[PDB]
Every structure is written in C-alpha cells, then in structure tokens.
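Report on the structure given below.
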Amino acid sequence: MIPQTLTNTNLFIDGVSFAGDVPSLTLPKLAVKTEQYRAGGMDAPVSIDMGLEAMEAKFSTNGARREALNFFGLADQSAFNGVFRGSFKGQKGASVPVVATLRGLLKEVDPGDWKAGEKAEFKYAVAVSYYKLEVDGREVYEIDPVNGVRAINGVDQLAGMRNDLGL
Amino acid sequence: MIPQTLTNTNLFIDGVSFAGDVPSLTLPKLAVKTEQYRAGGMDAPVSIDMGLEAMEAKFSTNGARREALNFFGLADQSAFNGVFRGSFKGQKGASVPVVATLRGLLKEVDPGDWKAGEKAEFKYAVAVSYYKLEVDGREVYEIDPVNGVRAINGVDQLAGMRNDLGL
Amino acid sequence: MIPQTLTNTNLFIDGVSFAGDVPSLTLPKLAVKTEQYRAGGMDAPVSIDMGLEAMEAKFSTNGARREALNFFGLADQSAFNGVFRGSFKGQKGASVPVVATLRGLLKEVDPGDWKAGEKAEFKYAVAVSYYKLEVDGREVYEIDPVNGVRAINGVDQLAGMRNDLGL
Amino acid sequence: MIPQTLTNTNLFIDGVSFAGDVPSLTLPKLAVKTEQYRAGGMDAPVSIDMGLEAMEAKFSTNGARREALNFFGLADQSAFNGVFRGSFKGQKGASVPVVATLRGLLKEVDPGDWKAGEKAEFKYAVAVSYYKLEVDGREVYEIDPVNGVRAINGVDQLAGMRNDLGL
Amino acid sequence: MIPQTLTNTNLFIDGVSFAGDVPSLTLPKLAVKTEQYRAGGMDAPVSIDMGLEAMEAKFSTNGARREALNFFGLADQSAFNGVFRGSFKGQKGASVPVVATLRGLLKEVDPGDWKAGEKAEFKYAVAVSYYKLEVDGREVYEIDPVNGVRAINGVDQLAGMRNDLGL
Amino acid sequence: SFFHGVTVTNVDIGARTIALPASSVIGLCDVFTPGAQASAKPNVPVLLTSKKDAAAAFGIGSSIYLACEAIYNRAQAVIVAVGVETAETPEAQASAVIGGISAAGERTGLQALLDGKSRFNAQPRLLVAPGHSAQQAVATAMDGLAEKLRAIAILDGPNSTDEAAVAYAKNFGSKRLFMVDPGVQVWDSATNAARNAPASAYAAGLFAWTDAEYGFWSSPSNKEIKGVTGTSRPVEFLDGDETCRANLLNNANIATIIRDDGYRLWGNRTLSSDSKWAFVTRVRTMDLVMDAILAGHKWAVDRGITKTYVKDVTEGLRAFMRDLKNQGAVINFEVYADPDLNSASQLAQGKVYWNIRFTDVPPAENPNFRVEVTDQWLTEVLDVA
Amino acid sequence: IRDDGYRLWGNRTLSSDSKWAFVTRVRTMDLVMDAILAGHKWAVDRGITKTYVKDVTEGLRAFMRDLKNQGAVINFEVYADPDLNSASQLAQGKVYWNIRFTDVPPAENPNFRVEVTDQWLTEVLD
Amino acid sequence: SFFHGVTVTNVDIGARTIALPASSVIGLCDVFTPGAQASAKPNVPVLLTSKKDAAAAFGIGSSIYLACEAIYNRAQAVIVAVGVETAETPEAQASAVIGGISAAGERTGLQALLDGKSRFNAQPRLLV
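Residue numbers (the entry's author numbering), protein chains in the order written: chain f, 2 to 168; chain a, 2 to 168; chain r, 2 to 168; chain m, 2 to 168; chain b, 2 to 168; chain X, 2 to 386; chain L, 259 to 384; chain K, 2 to 129.
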C-alpha cells in the first residue's frame with residue numbers, strides 16, 4: 002500500500018460551496034451500540050450488535066456564513082443537506098475522493114468566544130439522519146435510520162431483518 | 002468565498018459603549034434540546050427537535066465598569082439590555098457587521114483572582130431571554146422564549162405550532 | 002448455542018404498520034394459575050395447573066396515533082387486532098422472527114403527564130383473548146380462551162379435557 | 002410513519018390562557034373497568050367491558066394563579082371548564098394539535114412543601130365529567146357520563162345500549 | 002472609555018494592614034441561583050431569579066500571619082471582618098478604588114505543601130454574610146443575607162418583597 | 002346601522018355535512034345561467050373554497066352548483082370551475098363546453114382550466130364535466146385536456162341500457178380517462194323526487210377524499226360515496242356470475258356502484274388499451290409523485306450547473322423518494338443520472354437527464370377464497386371418548 | 259408564470275446568435291469588458307510605457323481569478339494567440355491575445371426519465 | 002429548437018447494470034452489418050467507453066454489441082474495436098478477420114489493432 006493522508010477538504014450546503022471558510026470538519030462517529038453479553042456457559046463477553054447510535058457531524062467556520070446559520074432549528078428536521086468532501090492524495094499522484102452526503106437537523110450553533118484579535122470559529126453540529134460515504138466514487142455506507150437501510154458496501158445488512166418485521 | 006475572520010469587537014449596555022475594556026465576549030450557544038429517538042422499525046436514532054435550552058452569554062471586562070455591575074440581580078429580570086457587536090473584515094476590504102441584541106438576567110458577576118500584577122477580568126454571564134443576531138443588517142435569528150417566537154431568517158418556525166396551542 | 006438477543010421491533014394494527022412510533026412493546030405474561038397443593042401423605046406443595054389467568058399486553062406510542070386510539074372501548078370486544086413482531090438477530094447472521102398475533106379489548110389508554118419538553122408516552126393496554134406466537138414461522142403458542150384451545154407447540158393441551166366436557 | 006413527539010403544551014381555563022405557568026398537564030387515564038371473566042367451558046379469562054371508571058385529570062402550576070384557585074370545590078359541580086392543548090410536531094414539519102376539553106370538579110388543590118428556594122408546584126386535580134379529545138381537529142373521544150354518550154371516533158358506542166334502557 | 006486594569010491590591014483584617022504578604026485575593030462570585038423554567042406556552046427557558054447562593058471569598062498569604070489564623074472557627078460566626086481593597090489605575094492617571102467590606106466565617110485554612118525551597122501560600126476562604134463593594138466611593142452592592150437586604154446601587158431590590166413577608 | 006348586544010335569528014339551515022379537508026385540485030365545467038344572483042363571468046374560471054363561494058358565484062338551481070355540492074359533501078376540496086352558457090341544441094351546447102381560442106385573445110369552455118394555474122395556484126389534477134361527458138365530442142377533448150395537465154379526466158357513460166355504455170367505452174385507448182356509468186339519484190332537500198345526477202362529480206369527489214388520508218397511491222374503488230340514494234340503473238355484483246352487470250362493466254374498463262343505494266365505487270382500472278397502464282394507481286402515482294418531486298425541487302429548474310449540480314440533486318431526488326417509500330407510496334426505487342446521456346455539450350445548453358425507476362403498490366383486485374367443505378374433522382370429533 | 263406575478267421565465271436574450279443567447283453570459287462579458295477599460299485607465303495614468311501589455315493582462319487575470327473565486331466562471335484562460343507573424347511586426351503593433359471563459363450554464367430543462375417497474379414487486383410481497 | 006423548463010417522459014430503461022471504471026485496454030474483432038445507424042467504417046479502429054458508443058458507432062443488431070455489452074456488464078473498460086464486414090463463406094468470413102496490408106496505408110482486420118499505438122498511447126492488452 003501507499004502512504005496516503007488527508008490534504009484538503011471542502012464543504013457544500015445545499016450546493017453552496019464553502020471554499021473559503023471551513024477550518025475543520027468532523028464526520029459522524031459511526032459506532033455500534035454494543036451491549037456486552039456474558040451468559041451461562043462462557044466468559045469474557047461477546048458484544049452483540051444492537052444497532053448504531055446518534056450521529057452528530059460537527060464542523061466549524063469562522064466567518065458570517067449566514068447561508069449556514071439559516072438551517073438552525075427549522076420546522077422540517079432533516080432539511081439540512083450537505084456533503085463533507087475531502088481528497089486523499091496519497092504518494093503516487095492521483096487523489097482518492099471521499100465525499101459524505103448528510104441529511105439532518107442542525108442542532109447546535111456554538112459561536113466561540115470573541116477575544117478581539119483571534120479567530121471566530123462558529124462551531125456547529127448536525128444530528129444527521131441520512132449518511133452516505135463514498136471512496137473514489139465507490140459506495141461504502143448507506144445509513145438511513147427510518148425505513149431500515151444499513152447498506153455496507155452496497156449489500157443491505159438489515160434486509161434479512163426487514164422482511165420479517167414487515168416493513 | 003472569501004477568507005473572513007473576526008478582527009474587532011464591541012459591547013453596548015443600555016447605550017453605553019464599552020470601547021475601552023472588553024477583552025472577551027461569548028455569544029449564547031444556540032443548541033436544540035435533542036432527544037435521541039429509536040423506535041420500532043428503525044435503528045440509529047433520529048434526534049427530534051424539542052426546543053432550545055437556556056442561553057447564557059458570558060463576557061468579561063477588567064476595569065471597574067460599575068455601569069456593568071449595576072445590572073446584577075435586579076427585581077426586573079430581563080432588564081439587562083445589550084448588543085454584542087463585531088465586524089468580520091474578510092479579505093476584499095469591506096467588513097460584514099454582526100450584532101446581537103440581548104435581553105436577560107445578569108445572573109453572574111465573577112470577579113477574578115486579584116494576583117496583584119496581572120489583569121482583573123470581571124467575568125460575567127447573562128441568561129438571556131430575547132436574542133436577535135444580524136449579519137450585514139439582514140436578520141437571521143429571532144429567539145423570544147415567552148409568547149413563542151422562533152423566527153429563523155425572518156420566517157417564523159413556531160407559527161404553525163402557535164395557532165394550535167391558541168397563544 | 003449462539004448468543005441471541007432482541008434488536009428491532011414492530012407493531013401492526015389492522016394491517017397499518019407502526020414503523021415510526023412504538024418505543025415499547027410488551028408481550029403478555031403467560032402464567033399458570035398456580036394453587037400450591039399440600040394434602041395427606043406429603044409436604045412441600047406441588048402446584049397443580051388450574052389454567053391461565055388474564056393476559057394484559059401493554060404497549061406504548063408517543064404520538065397521537067389516531068389509528069390506535071379508536072380501538073379503545075368499543076362495543077365489539079375482541080376487535081382490536083394486532084401483531085407484536087420482533088427480530089432476534091443472534092451472532093451468526095440470520096435473524097429469527099418472533100411475531101405474536103393478538104385479538105383483545107383495548108382497555109386502558111394512559112397518556113402520561115405532559116411536562117412540555119419530554120416525550121408523551123401514550124401507554125396502552127389490551128386485555129387479549131386470542132394469542133398466537135410464532136418463532137421463525139414455526140408454531141409455539143395458541144391461547145384461545147373461549148371455545149377452549151391451548152395448543153403448545155401444535156398439540157392441543159386441552160383436547161384431552163374438552164372431549165369430556167362435551168365441548 | 003414519521004417520528005412524532007410532544008414539544009409544547011398549553012392550558013385554558015374559562016378562556017384565560019395559561020401561557021406562562023403550567024409545567025405539567027396530565028390527560029385523564031381512560032380505562033375500561035375490567036372484570037376478568039372465566040366461566041364454564043373455558044379458561045384464561047376474557048375481560049368483558051363494564052364501562053369506564055372515574056377520570057382524574059391532574060395538572061399543576063407554580064404560581065398563585067388565582068384564576069385557577071377559585072374553581073376549587075364550588076357548589077356547582079362540573080363547572081370547571083378547560084382545554085388541555087398540546088402540539089405534536091413530528092419530523093416532516095407540520096404540528097398536529099391535540100386538545101382535550103374538560104368539564105369537571107376541581108377536587109384537590111395541593112400546594113407542595115415550600116422549601117424557600119425551589120418551585121412551589123401547586124398540583125391540582127379535576128375529577129372530570131365531560132371529556133372530548135381532538136387530533137388535528139378530527140374527532141376521537143367523547144366521554145359524557147351523565148345521559149350516556151361514549152363516542153369513539155364519532156360513533157356512539159352506547160347508542161345500541163341506550164335505546165333499550167329507554168334513555 | 003479608557004483601558005483600565007488591576008494594578009495593586011491590599012487586604013485589611015480588623016484594621017490590620019496586610020501590606021507585605023498577600024499574593025492573591027478572590028472576591029466572592031456573586032451568582033443568582035438560576036432555576037431554568039420552561040412551561041406551557043413557551044420554549045427555551047427563561048431563568049427566574051431565586052436568590053443568590055453562598056459567597057466564599059478566598060485569598061492567600063505566605064507568611065506566618067497569625068493575625069489571620071486567629072479568626073478560624075470561632076464561636077461567633079460572622080466575626081471575621083475585612084476589606085478587599087484594590088485600585089484600578091486606568092490609562093489617564095488617577096486610580097479608581099474598589100473596596101469590598103466582608104463579614105463572615107473563616108471556614109478554611111489550607112496550608113500549602115511545604116516543598117522546602119518554594120513559597121508557603123496559606124490559602125484561606127471566608128463564607129461571608131455581609132458584602133459591600135464600592136467603586137470610587139460610590140455604592141454598588143449591599144448583600145446582607147439575614148434581614149433581607151439586597152441593595153443594588155443603593156436602591157433596595159428586595160424591599161418590595163420584604164414588606165409582604167412582614168420582616 | 003348596526004346591532005349592539007346579542008341577536009338570535011330564526012333562520013332555515015340544516016344538515017351539517019362536514020368533510021375532512023382535501024388538497025387535490027379538480028377542474029369543473031358545466032352549464033349555469035348568469036342572472037343577477039350568480040356573480041361570475043360565463044367564460045372565466047373562479048376559485049371555489051366551500052358551499053358559500055359555490056352558492057355565491059353560481060345559481061342555486063344551476064348545474065354547476067348541483068355538481069359543486071356533490072364534491073363538498075365528500076371532500077373539502079379546491080374547485081377550479083369555469084361555467085359555460087346554456088345553449089339549445091346539443092351540438093352547440095357541446096361546442097360551448099369544449100370551446101378553445103374562439104375569442105379574439107382569451108380562452109373559453111374547458112380550455113380555461115389551464116388558467117386555473119396562474120390565477121389560483123391550482124393545477125387541476127382531476128377533470129369532470131358533469132352530464133356533458135356522454136357525448137363523444139367533449140370526452141375526446143377532455144382527454145386531450147387531461148394529457149396537457151397530466152390529470153385524470155372523469156367521464157360517464159350514457160344512462161341507456163348496459164350494452165350501450167360498453168359500446169361507448171370502446172372509442173378510447175386514452176390511459177387517463179375514467180368512466181362511471183350508473184347515474185346517482187340524490188335527494189336534494191325535501192323533494193320527494195330523485196334527481197338523476199350524472200355521477201361524475203361524486204366519483205371525482207371521492208378521489209379528493211381518498212387523496213387526503215389514504216394517499217394518492219390508494220385504490221379509490223372500495224370507498225364510500227356520500228349524499229346518494231338508489232341510482233338510475235341497478236348494477237349488482239354477483240360472485241361467480243359470468244354475465245353480471247359489474248363484471249360486464251369492469252371488463253369494459255368502466256367504474257360502477259355496487260352496494261345499497263350506491264354506497265361505494267367499483268372501478269379499479271382506467272380506460273386504456275395498454276396493460277401496463279391498466280390501474281388507476283399506476284397512472285395516478287405516475288403523475289402525483291412527479292408533482293411532489295417537482296414541488297421540492299422547484300429551485301433546481303433554474304440554477305448554474307456547477308461541478309456538483311448533477312450530484313447534489315440526484316442525492317436530493319433520492320432523498321425525497323425515500324419519503325414516498327416511507328409512507329408506503331412506492332416500493333424500493335432507484336434514481337440516478339444517465340452516464341450515457343450527459344455530455345458537456347448537453348450541459349452547455351442547460352439540458353441534463355436523470356432516470357427515476359420506482360415500482361408502485363399493486364391494488365388488491367380479486368381476492369380468491371377457494372374452499373372445500375370436507376368430511377375431515379368428523380372422526381375424532383362426535384364421540385363419547 | 260405562476261399564481262401571481264411570482265417568477266420570471268426567460269433565460270434567453272433577444273440574440274439571433276446562439277453563442278450569446280443566455281443573459282448570464284452577456285452580463286459577464288459586459289462586466290469583464292469594463293475591467294479592460296479600468297485596466298487601461300489604470301495603465302495610462304502612471305506612464306506604463308514599456309510594460310503596458312504585461313500590466314493590463316496580469317491586471318485582467320486579477321479580475322478573472324476573482325470570477326473563478328466567486329463561481330461566476332469555471333474556466334479562465336488568457337491566451338497568446340498564434341496569429342503573431344514576425345517579431346518586428348508584432349512588437350511594433352498588433353499584439354493579439356485572447357480571453358476564453360466557460361460561463362456557468364443555468365439549468366434549463368432538467369429531464370426526469372420516469373418508470374413504473376415490476377422489478378421490486380417480487381422482493382416486497384413474496 | 003430547444004425546450005425550457007422541466008420535462009417528464011414515459012420511457013423504457015432496462016434495469017441498470019453499472020460496473021467499475023477499469024483501466025486495462027481490450028482489443029476486439031467481430032462481425033456486423035454496416036448501415037446508416039452504425040456510424041463507423043469497417044476496418045478502422047475506434048475506442049469505446051460506454052454503451053452509447055456501441056449503439057451509435059456500431060448497430061445494436063450486430064455482434065460487436067453482443068461483446069461490448071459483455072464487457073460493460075462486467076467492467077467499464079476501454080475497448081478499441083474494429084469491424085469485419087459480413088461474409089458468407091466460412092473461410093472468407095475468417096479471412097477478412099485476419100486481413101493484411103492490402104490497403105495502401107491501412108491494416109484491415111485483426112491487424113488494425115496494431116494502430117492502437119501512435120494514436121492514443123493505449124495499446125490493446127487483451128485481444129478478443
């Protein structure tokens with residue numbers, strides 16, 4: 002394998018490019034709600050998957066990006082749409098894109114302390130519902146909470162337990 | 002977009018300019034009281050908006066700004082009025098103003114440790130009721146707790162759930 | 002055996018899926034009416050079966066799911082239909098469906114206290130008559146109280162004592 | 002379905018809005034008077050309806066809202082009027098109003114212990130007679146005890162058994 | 002306004018000047034016991050003043066100031082009297098005095114770790130009852146807990162709720 | 002002057018017959034007599050909210066208002082109605098109903114229903130000309146009117162014998178029509194005489210009702226008609242009957258009424274020649290998801306096509322189409338841009354092609370209960386044991 | 259178009275020549291032709307004699323990188339055209355340089371190719 | 002002319018079979034009948050990337066298109082294909098697949114895949 006790191010980053014919100022003011026992103030920490038399980042006839046619990054938990058995708062800007070402040074606390078939850086683009090250049094030249102389509106509620110606008118000589122850093126957070134990460138255009142994650150879509154690498158990992166609940 | 006940061010800051014209290022002693026402000030962290038919600042037929046909870054929570058807007062001064070100490074713990078709560086001005090100059094010259102009208106209770110005067118050779122830093126906090134942020138004179142946030150006004154970008158986001166409670 | 006636990010849940014009423022709002026189902030507690038029996042020539046009573054007792058099958062929603070509230074206290078008792086689906090996913094992949102067909106009387110619609118900022122949690126309760134449980138399609142329970150059907154794993158446990166009551 | 006939970010609440014008494022001080026409403030627990038019925042030729046009792054039981058509809062304030070304290074224990078029973086409004090906002094925008102008209106006897110004014118630095122929490126309780134619940138204007142419940150009206154979803158469930166009592 | 006900071010400090014206890022050993026003071030953090038309050042007909046709670054809380058006024062000395070050790074844990078609580086003087090010189094010359102008369106219980110003598118080559122720093126704390134801050138000789142705070150005196154800038158902010166409790 | 006105080010007024014009202022509100026706008030066109038009561042110009046459409054505006058704009062005995070009261074009994078819908086002038090001969094009364102651009106600049110007749118949009122924000126998703134649809138000239142022009150609006154045009158057969166309307170529903174392979182043959186007889190406020198209403202406005206009022214809570218994807222067949230007594234011709238439905246009047250009219254792609262006094266509709270299939278477009282949900286969801294795809298992407302129909310414009314709306318056309326799968330309107334779909342029909346020369350002139358591939362819920366026409374009376378459970382039963 | 263005087267609908271201008279058919283192209287052409295004017299007025303009042311064409315062209319690309327920054331263009335390129343015949347001929351007069359830019363095309367006629375399928379009917383019912 | 006505003010169309014899409022954009026280069030020689038729809042001369046090579054070029058340069062009634070669909074169902078590659086004109090004799094059909102330098106400056110059949118070099122800097126790595 003080649004040494005491959007993050008170099009540059011981009012953020013879109015409803016098509017609007019944030020090509021000038023995003024110092025930081027944060028993809029949502031995908032974690033399984035692990036319930037450790039030790040029962041009769043074993044030890045050292047075995048951690049059955051119960052499902053995921055909530056997916057906050059923080060980021061921050063340091064200008065008056067009013068086009069990002071308009072999406073706080075609307076009546077339509079999951080109306081904040083946006084992608085977290087980012088390219089990994091590697092060592093052998095051509096860069097591998099990673100994009101991450103989001104759809105959630107902008108549940109936090111955290112304006113920083115204004116120390117009058119430092120940056121601003123309007124830190125945000127979106128508790129996303131829909132989540133789709135791509136690598137070089139190839140699919141890895143479809144995470145849709147409602148209507149039961151967990152599709153890891155295109156194959157649906159909840160389809161066997163969706164045609165029994167009758168969804 | 003242009004690179005745009007915070008450069009300078011100002012604070013008014015009942016018209017009185019604090020043009021000489023404000024080392025720091027803090028706008029109130031607008032956050033939705035997110036209650037994570039996983040129910041029958043889904044996983045990975047979807048974070049329904051329940052409303053905001055309390056909005057403390059800290060700041061600090063380091064002089065004997067008695068015109069800021071007079072507003073602590075009065076009989077009229079929400080009688081501390083004040084704006085948190087601040088200009089973002091960008092890169093292409095003209096600066097974009099951000100002002101933030103407040104109306105709340107000055108619930109904390111925290112005088113710092115007086116180490117006799119350092120600054121003073123009277124750290125304050127206002128649990129604001131009313132909150133109006135502007136960007137370049139354009140409206141983004143009307144947050145009035147009582148009488149149900151949450152108007153994001155001028156359009157009222159609680160008006161559909163105010164003509165059913167009969168307010 | 003492999004470790005096998007509940008992950009996801011569903012509820013149907015009259016064919017209408019509650020894919021959005023059921024936070025808590027409860028299957029009815031099947032219980033033998035035990036009378037502890039000590040007689041002449043023994044000690045330590047031996048608990049002869051007398052039949053079952055009544056089967057409340059509680060569940061809850063936290064919206065005003067009017068498709069469920071109309072079944073409260075009709076003139077037609079045993080007209081509430083409904084299945085309590087559930088999927089036990091195990092560790093080695095395959096998810097085992099557990100469904101539970103009901104037919105009873107919705108006897109208690111219990112809205113919680115509305116603390117204006119939490120969930121509503123409309124707790125319901127059906128005092129079921131008919132109760133059929135499946136595990137991966139294979140039959141385990143039928144409890145039909147009127148006309149006397151108790152079929153545990155397909156064999157009617159009252160059939161030996163129903164052809165002598167003349168039923 | 003979409004996830005739908007309670008966010009905001011209101012209370013009217015005699016048309017007077019309690020827009021400021023109601024921390025907790027409670028709709029009255031609708032409950033069928035169940036008698037578990039086992040007879041000859043069956044087991045596992047089947048719970049025939051006998052009618053409802055009484056409906057306390059508690060609520061609270063934490064000021065001395067004298068517009069509410071005067072309704073305690075009048076000579077005119079069933080003179081306390083009041084609606085328990087509430088809005089369930091859902092996820093896709095639109096808020097569904099849930100109102101609940103009452104007409105009962107305010108039977109219990111319970112001030113809490115006054116610990117001099119907490120809330121007062123005047124817990125009240127009305128033992129209602131008339132009870133009409135709406136969901137988005139559409140009718141679900143009417144409970145009129147005297148003169149016998151129980152209309153679930155608009156159809157009177159006592160009408161078949163009131164034209165033979167001669168009422 | 003002029004840039005105005007803390008430069009020098011002084012401490013008196015029963016008239017005795019600590020002109021030689023006080024490295025640090027701490028005025029008591031005046032904070033309102035804010036109880037956040039969201040009720041029926043609003044969101045984003047509004048923070049009613051309930052009163053203050055306890056006022057510890059720490060300081061420290063690093064000599065054997067036995068004239069400060071004699072006031073620990075006496076039979077007469079609120080017998081430690083003392084002022085926390087301090088001058089703010091500003092930029093235009095003349096210094097604005099800030100004095101702070103205290104009256105409380107010296108509830109803590111915390112002798113530091115004696116590392117034999119460092120300072121001593123006998124850190125203290127007084128849970129004050131009476132509290133009077135002045136700025137340039139002008140009154141800002143009279144905080145007397147017992148007999149109900151909260152006089153912000155000379156006008157009594159509890160006098161309206163002292164001639165109703167009958168104090 | 003005015004009245005202070007309180008005023009009890011001995012009036013003549015009655016029959017509160019409220020309906021749950023609807024949203025699907027229908028078009029309407031029938032005859033009315035513009036005297037002094039009706040304050041409506043006889044060739045332009047007016048927007049109708051309820052019975053008040055239906056009786057203010059048109060006469061009480063007018064055939065508009067007899068059709069407007071047929072929908073507001075069933076659904077509180079939005080009517081775009083352009084009345085026509087009453088004529089004498091059926092040839093000239095038909096040509097007043099179709100009309101066209103026969104004025105110097107403006108439109109008249111059915112063709113004024115495209116002007117529901119741009120006057121009222123109300124595009125008619127249903128078309129009904131009550132009584133003036135048994136003629137071939139109007140019903141040919143109502144389908145050409147319904148293709149432009151992308152709607153469902155409701156017709157009716159003649160009130161003749163059964164084999165006549167079978168012969169009338171052979172002139173159309175039109176895949177957007179809907180024909181309701183038996184004429185509803187309505188009471189109309191202490192008449193003791195049943196008026197033969199054309200039963201095109203009642204069935205067009207059922208669609209706006211079932212649009213509200215059962216959804217547009219729901220089959221609008223089994224559901225109730227209100228304000229209706231025993232119809233013109235009794236169309237029974239007998240099971241296992243080769244020549245019953247329902248099945249004789251179902252195979253001819255005609256909706257009927259079946260139960261007592263016309264309780265409910267019976268048509269699940271449209272007046273089409275293709276078997277792909279047979280049902281009245283495969284053509285109703287085909288149109289009424291694609292106004293909901295558009296209303297929600299009205300911003301995307303003019304915007305600068307950047308590098309991300311193809312991608313951020315094809316993840317937004319999906320992101321609305323999952324809501325239809327959420328509420329049961331469709332089954333699993335796929336929405337994606339064409340790789341083979343998106344060049345830079347097509348993008349330079351603005352054009353850009355997407356695919357939408359859903360599948361619709363099939364309605365449960367014909368459950369089948371095949372049943373034998375066996376002699377099976379007789380041996381172990383009925384013994385002393 | 260709609261209910262009231264809501265929206266406009268024209269995307270074209272009244273040009274027979276279909277190159278400058280969009281109004282967003284003619285308003286960016288007539289904006290960058292004004293930067294040449296202010297780029298000539300600034301390159302005439304300060305005695306820019308020997309370095310004129312280098313002062314105008316780089317000062318023009320200071321405006322073109324602004325339009326690439328704002329999203330107004332996608333491509334920007336100021337080209338030295340090969341219609342420069344001889345060195346004594348070109349340096350004495352007639353230096354011919356070009357300006358190419360691909361304006362952002364407005365989304366006119368999006369197209370939805372819509373289906374009704376039998377594919378996922380088997381997976382759901384079974 | 003053109004059209005303004007959105008357009009919805011009743012159409013036929015046959016069950017999308019998208020694959021991975023591969024990198025290796027495939028040569029192919031099979032037989033078809035030229036027509037006015039198939040916009041390619043027989044013995045000249047052309048690179049193809051998607052099925053739009055196997056339906057426009059070559060007809061859908063072909064046998065290249067049976068084999069270009071074979072690659073594009075499996076992996077999106079770059080196929081440099083030529084056409085052999087349709088013959089009837091079982092040797093003369095195969096003898097036109099081979100060909101030679103019977104033309105002046107052109108190789109005809111399989112030999113025309115030697116023109117992958119000096120034309121795109123992409124030689125065929127597979128020969129089909």
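Even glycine gets a Cβ: it sits at the ideal position worked out from N, Cα and C.
Start and end residues, alpha helix (DSSP H) containing residue i
i        : result
f/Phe73  : Element bounds for f/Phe73: n/a, residue is neither H nor E.
a/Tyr132 : That residue, a/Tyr132, is in no alpha helix (DSSP H); its beta strand (DSSP E) goes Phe123 to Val136.
X/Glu164 : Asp163 to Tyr169
Proximal chain b residues relative to residue i, where beta-carbon distance stays under 8 Å
i       : result
m/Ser18 : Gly42
Short Cβ contact (8 Å threshold) for residue i with residue j
i        : j        : result
X/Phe359 : X/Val281 : no
f/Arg67  : a/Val136 : yes
X/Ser201 : X/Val181 : yes
X/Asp313 : X/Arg246 : no
b/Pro29  : b/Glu54  : no
b/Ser61  : a/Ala128 : no
X/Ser25  : X/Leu127 : yes
K/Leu111 : K/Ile102 : no
X/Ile357 : L/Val362 : no
Close beta carbons around residue i, own chain, < 8 Å, minus the five adjacent residues each side
i        : result
a/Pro46  : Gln37, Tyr38 and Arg39
K/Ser51  : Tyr73 and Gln77
X/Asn343 : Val311, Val353 and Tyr354
X/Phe321 : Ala293, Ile294, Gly297 and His298
Chain a contact residues for residue i, given Cβ-Cβ distances below 9 Å
i       : result
r/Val23 : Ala40, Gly41 and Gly42
b/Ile49 : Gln78 and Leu106
r/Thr10 : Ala40, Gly41 and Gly42
Beta-carbon neighbours of residue i, restricted to chain X and to distances below 7 Å
i        : result
r/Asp165 : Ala386
Partners in chain X for residue i, counting only beta-carbon separations shorter than 8 Å
i        : result
f/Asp145 : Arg323
Residues near residue i by beta carbon distance below 7 Å, same chain, minus five either side
i        : result
r/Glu122 : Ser61, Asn63 and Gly113
Contacts that residue i makes with chain f (C-beta to C-beta distance below 7 Å)
i        : result
X/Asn327 : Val147 and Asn148
Under 7 Å from the C-beta of residue i: neighbouring residues of chain a
i        : result
b/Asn154 : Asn71
Boundaries (first-last residue) of the beta strand (DSSP E) holding residue i
i        : result
K/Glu107 : No beta strand (DSSP E) holds K/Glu107; DSSP gives it neither H nor E.
Neighbour list for residue i in chain X, Cβ cutoff strictly below 9 Å
i        : result
m/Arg151 : Correct list: empty, because the minimum Cβ distance to chain X is about 21 Å.
- request: Determine, using beta-carbon pairs with one atom in the region 77 to 84 of chain X and one in the region 29 to 47 of chain X, whether at least three such pairs fall under 8 Å.
  value: yes
task: Would you check if there are 3 or more beta carbon pairs closer than 8 Å linking the region 148 to 165 of chain r to the region 16 to 34 of chain b?
output: no
- prompt: So, do the region 294 to 312 of chain X and the region 268 to 280 of chain X have three or more beta carbon pairs nearer to each other than 8 Å?
  reply: no
query: Are the region 90 to 101 of chain r and the region 107 to 125 of chain m touching, with three or more C-beta to C-beta distances below 8 Å?
result: no
query: Between the region 91 to 101 of chain X and the region 153 to 169 of chain X, are three or more C-beta pairs nearer than 8 Å?
result: no
message: Three or more C-beta pairs under 8 Å: does that hold for the region 2 to 16 of chain K against the region 54 to 61 of chain K?
response: no
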